[PDB]
Structures are given as C-alpha cells and as structure tokens.
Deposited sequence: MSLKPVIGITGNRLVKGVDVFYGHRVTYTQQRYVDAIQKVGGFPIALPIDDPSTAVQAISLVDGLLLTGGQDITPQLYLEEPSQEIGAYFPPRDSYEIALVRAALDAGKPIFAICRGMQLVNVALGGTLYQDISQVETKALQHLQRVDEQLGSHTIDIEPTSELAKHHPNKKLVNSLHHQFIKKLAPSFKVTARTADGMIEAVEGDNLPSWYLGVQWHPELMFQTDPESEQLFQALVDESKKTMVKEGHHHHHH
C-alpha cells in the first residue's frame, strides 16, 4: 500500500494524497501519547497554525504576540522528539518549522516589529496560492534539489526564527535576511523545514509539489 503520513492539527491532505501517501490527521493529545502516535506512521508533516507558546522558549508573552495554544505545542514537541527517536522523516511548514526550532533549544521573534532591521512583508495580501517574496537558496541544500535560486514563495506569518537551534543550518532566506528554510545537520532523520506554505502552491507549482513527494519518498525508504 502507501506510506502513512501523520499530519498534525485539508490542502495538506490533498498534497499528501496527490503524492502517493496515505494521510491521517493526529488530533492534539497528551504528550505521553506521542510515541504511540509516531508508531502509526512512516513520516510526520507539521502544519501551520498559531504562534508558539512563548514560555516554551523561555520568554513571557510580548504585547505583539498573537494567540497560542499550549497543549498543541506540547504535543507536537513530543511528536518531534519521538519522531527523531525513530529516525522517521519530518516535513514542517510555517509555524511547524518554528516548532521544530523551539523543540531543540531555539528561539523566535514574537513579532515582525521586533526585528532589529526593517523586514519585508511576510504577511502577504497577495492571493495565498502565489509567491510574494524572493528567496536565496543554499546550492548544496536538500531545498536546492527541488527549488531554483531566487524562487518566489508565499508568506503568511508575523513571527520568525531568532536563535536557530543547535544541529540545524539555514538553507533559505529572503532579501531581508530572515530565515525561510532550515535543514538538519547530523540529525537522526531527514528533515525539511520551510517558512512558507507549499500546500497552497502545489496545485499550480510543480516544484512545490516535489517537496511533498520528497517526504513521501523518504517515508518509503523506512
């Protein structure tokens, strides 16, 4: 049959389904249940959503932070950990890439207004299915295998990765230097973290679809 992909909590399930995987949605559950959750799947897909609980990366909530739901963050961190434990592949999107970062000691900017240098627009008003800002890609990256340098991708976020967690490296950044893609460095599992929303572009962007195909393939290798 098909490799099972656990999607954390529609365009995400269409993406997996189009690429040959069998998607199941993991509801928010208690952290201790993460191990059972990950045993059910071959790969993990972290979805977009709301800002991450600030206490999780040792910060109290700033006036500019949006809504956040602690139970979700706790559960996903446990999923990330259990997934790394089993060496299963991980594809993270938007907040998802920021969650993996918080999970292993990193930090975030709570709001775009807190970046020292003037940032570009990362909350595009342009149709979400289209790219708004240009990214530079590390040539030797996994990203590099699927997207050409200077590709335009969408953006729907007001938070950014501040301190990058140890054991990762930045593979994509916009012209304002903000981190748009992260990959693993000596990690037990294959990992691609993207700041944009490829599940909104794939229906009209072959290259975006390939990121999902990549996850399913890696899940097949297991």
property: Chain regions without C-alpha coordinates, deposited sequence numbering; result: 1-2, 12-30, 244-254
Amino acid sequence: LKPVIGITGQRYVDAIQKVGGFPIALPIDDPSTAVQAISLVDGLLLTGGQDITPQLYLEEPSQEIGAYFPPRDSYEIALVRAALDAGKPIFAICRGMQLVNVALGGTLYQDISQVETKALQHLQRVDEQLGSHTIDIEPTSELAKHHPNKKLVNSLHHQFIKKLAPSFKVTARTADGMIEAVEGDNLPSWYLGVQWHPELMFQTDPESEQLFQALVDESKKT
From here on, numbers count along this sequence of modelled residues.
{"query": "Between 41-49 and 167-175 (mean CA B-factor, as deposited), the higher", "finding": "167-175"}
{"query": "23-31 versus 182-190 - greater average Cα B-factor per the deposited record", "finding": "182-190"}
{"query": "Out of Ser141, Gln110, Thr107, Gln121, highest CA B-factor residue", "finding": "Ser141"}
{"query": "Third assignment of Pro148 from its chain's C-alpha B-factors", "finding": "highest"}
{"query": "Third of chain Cα B-factors occupied by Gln98", "finding": "lowest"}
{"query": "Third of chain Cα B-factors occupied by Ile135", "finding": "middle"}
{"query": "Lowest, middle or highest third - CA B-factor, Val80", "finding": "middle"}
